[PDB]
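Consider the single chain below, provided in structure tokens and representing the form deposited in one PDB entry.
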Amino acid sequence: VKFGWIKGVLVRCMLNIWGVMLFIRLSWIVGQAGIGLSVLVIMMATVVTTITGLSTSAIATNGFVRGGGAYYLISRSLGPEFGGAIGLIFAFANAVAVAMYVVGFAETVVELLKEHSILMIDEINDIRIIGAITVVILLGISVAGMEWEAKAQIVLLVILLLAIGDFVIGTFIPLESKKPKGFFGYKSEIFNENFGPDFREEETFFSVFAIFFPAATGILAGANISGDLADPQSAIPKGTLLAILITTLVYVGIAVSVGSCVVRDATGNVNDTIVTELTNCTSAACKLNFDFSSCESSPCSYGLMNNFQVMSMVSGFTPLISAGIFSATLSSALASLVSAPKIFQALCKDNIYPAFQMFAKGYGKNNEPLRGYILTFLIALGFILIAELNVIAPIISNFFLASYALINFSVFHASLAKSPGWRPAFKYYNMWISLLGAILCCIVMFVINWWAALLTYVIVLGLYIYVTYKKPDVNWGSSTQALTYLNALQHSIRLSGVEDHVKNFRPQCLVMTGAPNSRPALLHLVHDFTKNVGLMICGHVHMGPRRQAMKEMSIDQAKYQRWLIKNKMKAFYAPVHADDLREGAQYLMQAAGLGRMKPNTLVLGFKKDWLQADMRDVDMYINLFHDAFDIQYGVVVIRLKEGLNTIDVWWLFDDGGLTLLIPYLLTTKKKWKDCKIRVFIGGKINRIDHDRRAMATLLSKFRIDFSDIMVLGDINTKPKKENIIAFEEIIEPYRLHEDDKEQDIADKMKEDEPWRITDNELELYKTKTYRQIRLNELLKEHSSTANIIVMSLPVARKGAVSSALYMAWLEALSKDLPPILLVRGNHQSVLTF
């Protein structure tokens, strides 16, 4: 195993390219299109094949390649879905190409048998029998061992080269008996008259090019043996390119030699010699002592345009050329039958399609895919028993063009996504040359057949879609991921370019939910806005040992982010390590995001069970509120029923407009099309008409489309004493009965626990406590039925009120209601203009 670059790559691919076209139809295409146009066709195929060779060389030299060849190269340089689609397409294409080569062999054998006396059953049936027998022999030689395959390849290569040498030496020497058939030894007049094209039949330049192109195919057999190769980096590039050079030179030289020696038209009748009657005919045959005037209006069985096997006749010892044709065709068939199962093996090993897994088995020491050999045997056998392959030839040609085109596109994509890790170490390549190769392959496959190209395109698209939806886990970093990163970075830079405006103010939320999966209810509620309308950073502070915490954080970021992706959530999980909530919250609030994608609101889940929890946590909560207010953030406190007349807005306190913007953003969603926002405001009595008119005008200026505005004048009134005593007994644990108890002891138990609610605080904020209690009462009795409630949260200066008192206010305001969403903004958010 581990073949060298001469044997593994150069011999294998050089043999694969040389096939049926070289010794049979090359002369025919030279006849159909003149020497110049035939060489132009050969050079078109050469440029497409050369760009493909350069691209596959660029991909192959970028690090080790495990195996599977073209599939591995493309699937690692490009995404796994393109890799899988191309792997399946190319595997099937090579499997069919095995049948195509074998049926070419079989029809050559049938022709050699027809010119002899014997014939077995019939041309087509004998083709079927010969093809079946030969595919069985090919399967046997392939499963006998890859070393035996290599020996067969090299012996067939020397046979083919001897055949070409026989042809050229025969071309040097003319023979008197070959004159009637059309052979003259390098006559300049023949070259002159054959330089022009003459397409007597329906064939056109595009038709001849499409017929010739299959000759150029098969260059990836060098790369398709990547698994069993000593050093693909140094083997694939030089071997492939030199093989392309050698085969194209041979093709052009042979075509020019045949076109310059054999006449376009001629009949085998020896009685056509023109002797001493030099007449007024300017045809290139007249001046060469043989007048083939009959072929103008009579069918002749010889000449370039009529005879396919003129290459055999022109060369001395024509049985040797027949053996050469057999060697070329069988070698190409064996190369295809070896290339297809290996690429299929790699494709199934990567398990892009879980349906196909049995064919990845590694029977033998070299991991030979014997089941792949059987599958390719069956495909080739079927396509041979069909026995009529010319109908599907454009299909396979378009499969090959698709594979080459996506190799070129993989090079262009990997080079476009400027990233470390794309270091091919093949200097001779370019982004634009590869892109040109890709577009050239697409136009060529369209030229060959306009509907086969569409069929191939739709098949590739279908496989792409199927793999995308059936996304498997893939470790190999493709150029798609690099391009995603580069696009994200470029778009972020461009966003940093544009200045901010109050019209396009996006709510950018920093949700302090610890474990996102813990409380998905308010997570979805915060997702109702900040979905295609703003970003959503689900922060999370980690506590514990410093150095080791990163490991935990890493796995956490791996888990929760995945969870966010698993649900239809558009949010980023941004973890930090901090000693306490305030430190990590400050980390995030200070340096979260980048560019202009910075959070501007701190969405906080309401701290349920604040009574049971340690009071240090509650004071931490209130200090977090204050920190958010100090850094110019908009706090949003959300209270839900986590275990499990539509939307109400309470524009009690004026701010930039966040308390009104959020309800509107909630309305424009599929869950709540029927929004029907009911707006409320605290207006003095005997002014409700004026306040309602003014608020309706303002809400028309900001197009929010309320349902009906209501004005309340009872918001600041003494509430029912039952609720007052409920609030008092709720606070009772956190009271500071300084007046009742002795001054010294009260000071002692106040300084050690500064969160205690001084009676002075209660006497100063009795009005505010009544306000919150009354707001809760009137809201509960009025809007008991509603799907969302929004209100402006109360705010007190840091240290002015105890954390216990502030949390008591928050809890009393939203004691037991439908989902409530208290809001507070900083700067202007909604603009009439």
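The numbering used is simple: start at 1 and walk along the sequence shown. Rigid core here is just the name for the largest C-alpha set that superposes within 1.5 Å across the two forms.
In the deposited sequence, the stretch from residue 644 to residue 645 hides 10 or more residues that have no coordinates.
Form deposited in another entry: not shown, discussed below.
When both forms sit on the same rigid core, the CA shifts between this form and the one not shown reach 2 angstroms or more only at 741 out of 559, 741, 151, 596. A movement of the C-alpha atom of residue 293 reaching 2 angstroms or beyond is seen between this form and the one not shown when the two forms are aligned on their rigid core. Annotation for residue 753: C-alpha shift of 2 angstroms or more between this form and the one not shown, rigid core superposed. Between residue 107 and residue 301, the Cα spacing is larger in the other form than in the shown form, differing by no less than 3 Å. Shown here is a form in which the CA atoms of residue 748 and residue 609 lie at least 3 Å farther apart than they do in the other form.
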